[PDB]
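The structure under discussion is supplied below as structure tokens; questions concerning it will follow.
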Amino acid sequence: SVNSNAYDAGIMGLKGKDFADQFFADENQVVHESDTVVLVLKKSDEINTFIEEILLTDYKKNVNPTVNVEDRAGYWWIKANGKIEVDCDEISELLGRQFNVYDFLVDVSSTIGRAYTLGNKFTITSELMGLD
Amino acid sequence: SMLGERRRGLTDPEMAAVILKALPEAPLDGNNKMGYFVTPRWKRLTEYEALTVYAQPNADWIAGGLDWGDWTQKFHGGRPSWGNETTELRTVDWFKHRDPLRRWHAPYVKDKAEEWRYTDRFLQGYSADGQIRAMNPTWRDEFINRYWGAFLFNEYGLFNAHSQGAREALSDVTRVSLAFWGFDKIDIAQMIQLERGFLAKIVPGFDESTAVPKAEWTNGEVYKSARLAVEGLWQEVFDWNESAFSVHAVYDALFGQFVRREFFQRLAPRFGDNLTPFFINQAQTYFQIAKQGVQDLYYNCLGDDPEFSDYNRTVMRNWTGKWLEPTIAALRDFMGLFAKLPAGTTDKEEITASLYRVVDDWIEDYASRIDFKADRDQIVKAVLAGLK
Amino acid sequence: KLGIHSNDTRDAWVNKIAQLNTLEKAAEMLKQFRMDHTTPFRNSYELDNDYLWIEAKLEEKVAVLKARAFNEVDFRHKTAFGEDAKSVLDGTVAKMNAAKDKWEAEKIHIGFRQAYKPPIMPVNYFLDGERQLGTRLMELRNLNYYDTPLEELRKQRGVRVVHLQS
Amino acid sequence: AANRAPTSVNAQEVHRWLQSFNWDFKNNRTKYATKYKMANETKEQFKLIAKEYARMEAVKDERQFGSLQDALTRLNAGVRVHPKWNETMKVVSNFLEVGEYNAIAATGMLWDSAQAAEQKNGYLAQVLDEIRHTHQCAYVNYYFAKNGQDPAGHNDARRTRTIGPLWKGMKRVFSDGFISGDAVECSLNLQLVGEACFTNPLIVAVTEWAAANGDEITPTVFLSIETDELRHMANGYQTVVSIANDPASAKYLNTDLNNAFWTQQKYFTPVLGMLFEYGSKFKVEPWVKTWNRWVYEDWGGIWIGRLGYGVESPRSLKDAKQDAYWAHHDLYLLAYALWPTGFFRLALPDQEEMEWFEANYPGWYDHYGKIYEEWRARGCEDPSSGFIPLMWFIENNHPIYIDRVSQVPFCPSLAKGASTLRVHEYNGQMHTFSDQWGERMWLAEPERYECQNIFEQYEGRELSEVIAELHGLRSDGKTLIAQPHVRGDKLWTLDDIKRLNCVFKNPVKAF
Amino acid sequence: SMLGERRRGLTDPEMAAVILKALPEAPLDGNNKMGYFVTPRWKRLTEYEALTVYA
Amino acid sequence: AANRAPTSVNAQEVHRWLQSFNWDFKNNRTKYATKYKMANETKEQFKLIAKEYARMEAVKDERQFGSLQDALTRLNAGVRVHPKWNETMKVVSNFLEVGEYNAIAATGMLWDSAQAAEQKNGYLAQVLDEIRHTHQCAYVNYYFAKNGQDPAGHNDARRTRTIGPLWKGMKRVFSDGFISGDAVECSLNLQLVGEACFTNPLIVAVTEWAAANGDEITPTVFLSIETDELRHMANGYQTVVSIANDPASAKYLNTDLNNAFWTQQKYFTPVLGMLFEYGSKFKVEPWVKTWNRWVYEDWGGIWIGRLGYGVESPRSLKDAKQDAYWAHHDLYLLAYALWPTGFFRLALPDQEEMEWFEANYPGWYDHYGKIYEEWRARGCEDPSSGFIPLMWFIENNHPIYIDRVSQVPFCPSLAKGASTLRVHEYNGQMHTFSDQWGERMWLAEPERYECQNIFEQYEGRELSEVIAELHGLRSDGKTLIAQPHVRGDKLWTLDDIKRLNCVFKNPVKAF
Amino acid sequence: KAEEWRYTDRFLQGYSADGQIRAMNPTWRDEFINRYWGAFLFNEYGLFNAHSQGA
Amino acid sequence: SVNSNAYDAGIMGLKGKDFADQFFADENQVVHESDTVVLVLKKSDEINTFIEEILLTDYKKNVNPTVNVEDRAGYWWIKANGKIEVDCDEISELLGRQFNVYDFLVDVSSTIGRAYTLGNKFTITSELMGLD
Amino acid sequence: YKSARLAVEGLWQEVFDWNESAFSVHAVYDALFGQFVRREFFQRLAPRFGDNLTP
């Protein structure tokens, strides 16, 4: 769940021939569906606070136990099963200042999944919007 | 406390030591000037220029191009990515253009952000002050919701007229200009609807639905020739230069200038309305910003081309003349509004003087620059013929 | 001199375009040049390195001559050969929707470009052509794209197979 | 006074009526060729208005510059970066610049072909975005020239671009492959494929390699560049969902998807892979793993995999993964061999790197490593030698061809990547190909692809003459911008290229 | 190019290492809120209320 | 259309008529007591206007908070800082905060005592400045509390400072020494000596020691703080010229000048010097050198030396230079001795430090060094020992006093600076002074100096209850905020302070 | 306030180039603002200085 | 003029009892008049550029050969004899963007001497303005 | 502006209670006189003379 959502989940973490042997054969030459989602948060003061005090403590523990946060150089790589929803009014409250979704997208660096807004809530989901 | 998993060549001792050991004792070239080869418009090269000029990978077969060879992939049929065949105007160099305001992206969005936030603080102040009490209800319920809100589509159509230009523009500078021009237009449209939404907020009964001014735009007597001009300039022109030129150097400079400056900002003051002139100020400021770029492009670079001057001027008279009539028709048709005005709001004498202001301005700033022989008296007369 | 932006081919064609003082001699030379050096159907590849630049330097002559010789309505609606652009446009599109395969279609479109490319035809009609023409050509080409084997496809293109590594 | 304080018109109260801004007239249609003509009345996912868009971006710029201008300049982040990477960023920034510049034009078609008002407002906003990213990449070169260790190539990248064959491809991957073709299809080629798949490793994952080698300039800029690229994806997706619901439009989806996927990854894969691993010292991870994470497992997984919504897994994936393992290794051989063309300095893989390659790419030494060792023995890093690896290619009968389609240089006698030579003759001109997909593209549509390669143009030309005509010198007029080594000692001059006599040949003349 | 004559504990490897080795494993206090004892007019504290009150 | 495009009317075009904004009337006079009556027809040396002020300052805030919130949070510059400095910045930032905050009210006097209109404008701009400076210092504490190794101290240095002896002095130097007294004198105390002499070693010099110990937050904020403190100096100097041009006002100058100088140096010189050397791992230079630079040679020669106007060198100068050499060395003993009173973690000098002090302040080891060694031997760091360096002061008969004037702690039996105990009684209360000047100040103005001292307030009180009432504890409600070691293990608790039963006693009671 | 200052700048630069000055009453101009509005300046100025003591 | 205005001129560069003696007695117990000037400029892009390409180049050679700048932490310690003038329209041209004295006043951290702005021309001097 | 100037001279210079100054300025004098001059005179009659500058 959380660890199948790691950056280096197998076959990543195999070296040399053990990696080639899996990357070059044989059912891995066709694409495999994933019910997951990737969220790239650019490193900043607002975003680190959010991850450390809302994402990892409230959202992960109470809504989505499967969200994995990895530390890259200049950004946070985040992956999860299903979706990740961020109410920005809670970030506003936690930052001690006014803050809307467009203030939030300032450091939302990338997405892999279909993302959107509705009011001040930011949603990134695996669900195909419009086909399901 | 916790330093983290990852390491950096800047902070981490081992990596930094490797990097610092590899460094030279001096730069390997004494030239820290990006775009040092770009011939500057003014005395020294600017950030605007340095970060913009030659960003389009054109080859020498497009005026000013520095690359060589043909496009790597082309349209089905063989049509090039960018080519000389997308316009009737011709140049010695397509990169000569300068926004005299030197806008690139960062200062542009900075300025607009300021205007946006101050608008928010303004509306909060205006509402809290209660100045809505000093405005005439008839002018609001009818002249702001229906007739000002219908100009929304004029600015919207004008903005979409820039669409093809964003694809076919033959340099970086013009592209940057054009986009800013059209983006100002859509901003003005939304700011008109912003005002309808605000009025719907502080005045009960006021409906912010676009239904009413849309029906005045679609099935209207006042804006019918206006919409005709807009539909034409938008969806019947395929020359990106003809599009931009005719919209800014002909249509908006006459009709747009008159509707905003010589009607709504000339008449709202007389109904106790400081609300809509607040946005019209953004509008006029935007117009006079764009005007400066439109002038540098078509007159200073194109019509004053030391090689294609008379050619460009001939084509620009062509466009000027081609589009001068749907505009006069648009104006003459708009005059049917002064009859829905309450009695003694303004007189024929004032309306005439305002028409001459727009026209004499359009002659000084546009027509004269390409040697267009316009007759102010016949224009004002042609428009006044619909003065009801 | 023999360079990229400066050779003797370009000089000669500069000193050759500097004599065309009439629109008819200009417009045909342009049309002929476009038949000689422009497409994959061209008559020669000897100017492959310099043809786009010289086409442009001939366009400039045709355009300045066409504008100086035409009125305002003709310049806006007529070719440099004297034909109704709206008619050429309407017809070529009629011809294109009557085309039966990708092969017939490409010859029509390419031909339309080789002949009526500005400053011959007005820009507006031309790009209106590109719109409808390119639409039909794409519609006919990208159907069962991978269903024709490369061996059979090289036949249809009519290419001379030179080497095939595996 | 009278009543409370509302400015109670936020962006989303204005945006509610944005869709109605469009009225029904007759010629309300797109001015571009497209076979996609389903009803496409889609909503913009990030309900932006002009001023609120400007504010958001203004905040980004606000923090972005200043970090650049105040702290990073104080920490000397432009010098304490690191030479190979300093040279690498000239290519990464300038090439991203032109890719993102063509994205403006591609958006122009997306905007023009849009049928909803929300998206026309959205797509002009996206136009502004790609104009921004242009000026951003432009700023990275600007800063690195102004404060860095070698400004040459950073300062004139836009014309020194023109000497090398890597540039020619860059004008096709995220550019001519976007703008020159179908307009509605740009939802696929620009957005479903380009900005949804390849922007991540190219703009996000590069920052890691940047930070590993002391660059804190690139992370601040690129990580803000990508912030925009996510709203782009979602709006493109909505055009995609429209297509896939119309039986008459879904039929075109798979081939165009595949045609797009190959078009980009053909250049993306060997060029970014080689920039990461050969343009750096500290590696973050193998490029295949980056390619397997972002492209194969996540993009393909969460996008292409999810759609099935009959959308197919690309036919050319098998070849791509192979290119993901070898193409970037194949290409540095060429790039380092053709070093006197680029606008940047290149370096030989040192000992620790050769071990790293061999450890993660079994077979690397026996093939590539020995070649670099021989080149080192011949004195490729020494101006007094009179040797360039290009000479070795000729001596050992190893021709280098340029794909008529992708413009990617290749050497079929040495390639371990999924490339296979094909030579044809049509109307008195010979065309070379490196794969089945490209050759199929040219076979069907030979009028799209007539791009003269570096050999056709420089045929019969002496190398130094081309380098000097295109201003590949430095401020003294003697020294080259390009170098086979990365040190600041014993640099190659023009008279050192003229010392030897490398005159170009069009390789197809051999047939 | 040229990296001056003054060194930093953030950049310089020799000093940075000293600093790094001297650091704790975790913060010596989990209360990272400046002005946590300050009364909040609204449910949550603000920067306004933090940077200002009790100065 | 119209004519040209002037927005024309910048700052200096409205400012031309600012001086004409005041009109004559009867009560157009200061509300504050002042012995300076001369005319301030002074021109604001910076033609400032409220909107251009806000603009310029906004630009600074743009880059400053940008660097802070973006790049430095990505480099973890709040963590990669030497633990000693992390503690030092709790005092430096918060003390400077109150210094600047008091400068608001001081400027409020200068604004009220001003006669020129341009200076009423300028002094509200200066008031605003010290408001920014207030929020900036607070922000350094704010950042280091939220992103650092020990938020304790940073998170409550506005109620935990009330326990210490050093805080009392602070509420005078750059505080009451400004706002309590003559209004037109603040041109001398706040500006001619405050902002013109001490804000350089207190804001500019600190940034060097901050960078030395891995801190790039303080230089970012502080260097942006001082940027305003020059328009102050000039706009204060203008009032000085007025005073020096009036023979009836120039008669008070040298007295006010010298008094302000000593008042400030008495706490500035030792506290800050001891903050630098005993609060940093990496030293920039000896404090005497910093002091000799900015104070004696620069500010002395540039301002005071040049004014001879008819201004004199301070009489207390020789005593002041003596305090430069030893007073800070004298104060860390006391400060370390009274470590449980603080809101920050102190540490013994290690070996290099021990020999760096002797290398630069010869005689150091035989005096201070062997005391520190004895203290470690007694177990001053070990919570099990039951030892606090105050006990050594008792055992060896070294009474610690607090000045009635400056509030600075001093131990005369050990002192090597210019401290000389003087005890007086007057109406049933005894008073301790350490210098000629301070005691003269009290002898002339005993109604000004009535500040109770640490031993007076806590008389007969057990240290644990004092600490516990003033909330000198951490989140657990057990462990002390302050520690005698900068390490992270084996920290002192309430019990560790209650166990050794230290009860405060009035030293003066011993006479 | 900086935002207000710069938009003010842009506004004036636009107003002056847009020639809206022509529609403005000459009597209300050189009399009712030059003299009677320009005198409220001092009202606000005195009102400004009525804060010097509260600082 | 450049080592004379060095940060470490006598009695700096003396340490131990080499310092203490000349520091404690006895002409040095009185303030000594200085014709110099001290400018502190915050380390940023614009300041470095003006220092590298205007201050050290044309100014130091054609106007004031006594200007000595030294590297510190995050600022430049500049010291010259008499005065230093900064034409900010000159800077504006060099940067390629709009720049006044107030844009320049962003990064001038401190001053020892009298400072003032005459339009867009910032000057700092040792002259006592109004009583000299 | 006679009585207005007199009130201003008073508020400014004849009050030493900082709370009295600020309150009487903003809660009495400006909230009545200032609000009338600014809103119910100039920014109500100015538009009637073709002035958008002052508003």
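Letters A, B, C, D, E, F, G, H and I mark the chains in the order given here, with residues in each chain numbered from 1 onward.
In this text, a residue touches a chain if its C-beta (ideal position, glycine included) is under 8 Å from a C-beta of that chain, and two chains touch if they have at least 3 such contacts.
Going by UniProt, the chains are A, H = Methane monooxygenase regulatory protein B; B = Methane monooxygenase component A beta chain; C = Methane monooxygenase component A gamma chain; D, F = Methane monooxygenase component A alpha chain.
A.B. asks: Note down the smallest number of touching-chain steps it takes to go from chain B to chain C.
C.D. replies: Graph distance in the chain contact network comes out at 1.
A.B. asks: Going by average Cα coordinates, which chain is farthest removed from chain A?
C.D. replies: Chain centre farthest from chain A's centre: I.
A.B. asks: Have a look and report which chain pair racks up the highest count of C-beta pairs in contact.
C.D. replies: After tallying contacts for each pair, the winner is B-D.
A.B. asks: Just how far, in Å, is the C-alpha centre of chain C from the one of chain A?
C.D. replies: Measuring from centre to centre gives 51 Å for this pair.
A.B. asks: Taking the mean of the C-alpha atoms as each chain's centre, how many Å separate chain D from chain I?
C.D. replies: 63
A.B. asks: Distance between chain A and chain F based on Cα centroids, please, to the nearest Å.
C.D. replies: 47
A.B. asks: Distance between chain F and chain G based on Cα centroids, please, to the nearest Å.
C.D. replies: 42
A.B. asks: For chain H, write out the residues touching at least two other chains, lowest number first.
C.D. replies: Where chain H meets two or more other chains at a single residue, that happens at 42-44, 72-74.
A.B. asks: Out of chain C, which residues touch more than one other chain, so two or more?
C.D. replies: 4-5, 39, 106, 110, 127-128, 130, 133-134, 137-138, 141
A.B. asks: Mind pulling the residue numbers of chain I that touch at least two other chains?
C.D. replies: 5, 9, 16, 46, 50-52
A.B. asks: If two chains touch, include that pair; go through all of them.
C.D. replies: A-B, A-D, A-E, A-F, B-C, B-D, B-E, B-F, B-G, B-H, B-I, C-D, D-E, D-F, D-H, E-F, E-H, F-G, F-H, F-I, G-I
A.B. asks: For chain B, which residues are in contact with chain A within the complex?
C.D. replies: Going through chain B, the ones touching chain A are 4-6, 8.
A.B. asks: Please give the residue numbers of chain C that touch chain D in the complex, ascending.
C.D. replies: Those residues of chain C that touch chain D are 2-5, 39-42, 44-45, 48-49, 102, 106, 110, 127-128, 130-135, 137-139, 141-143, 145-146, 150, 153-154, 156-166.
A.B. asks: Which of the residues in chain D come into contact with chain A in the complex?
C.D. replies: Against chain A, chain D makes touches at 11-12, 45-48, 52, 55-56, 59-60, 63, 196, 199-200, 204, 207-208, 210-212, 216, 219-220, 223-224, 226-227, 229-231, 233-234, 237-238, 241, 244-245, 284, 286, 288-289, 292-293, 296-309, 313-314, 317-318, 321-322, 325, 359-362.
A.B. asks: If you look only at chain B, which of its residues touch chain F in the complex?
C.D. replies: For chain B paired with chain F, touching residues are 1-4, 8, 10-11, 288, 292, 361, 364-365.
A.B. asks: Taking the complex as given, what residues does chain A use to touch chain F?
C.D. replies: 43-46, 48-49, 74
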